[PDB]
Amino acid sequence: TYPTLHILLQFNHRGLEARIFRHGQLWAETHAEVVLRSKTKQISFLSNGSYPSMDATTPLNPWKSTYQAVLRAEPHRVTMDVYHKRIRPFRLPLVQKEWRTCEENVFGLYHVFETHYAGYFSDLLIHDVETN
């Protein structure tokens, strides 16, 4: 097996929304209080796992900025590649991260993601899945 998670990330004026997919099924959701309008600050947060100063929530000047994180648990490493909008063949990842660790399952693979963004995401709301 290879555990894989696809995480759709939306930055908006309300914060950062993570939707976690598993074989194309929405498996889990979480939210973070990460309010960042510019692409530069968003990608800096995505790379570093944190950002020092958040922007103001402005419901009259809203925004929507979307990224996709792809996590793979290869036999002797975990990788995370983050793509603008979604993984496509014409575009390359904005952020590349790698860890010398073995993960058994999607729950461990999510823990790696959550630990890179430590302190930000609330606990998972999880949904019924019908695998394959």
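Quick note: we count residues from 1 along the sequence shown, nothing fancier.
In this entry, the higher average B-factor at the C-alpha atoms falls on 97-105, of the pair 97-105 and 37-45.
Once the C-alpha B-factors are averaged per stretch, 25-33 and 58-66 rank with 58-66 first.
Within the selection 129, 5, 125, 8, the deposited Cα B-factor values reach their highest point at 129. Annotation for residue 53: C-alpha temperature factor in the highest third relative to the rest of the modelled chain, per the entry.
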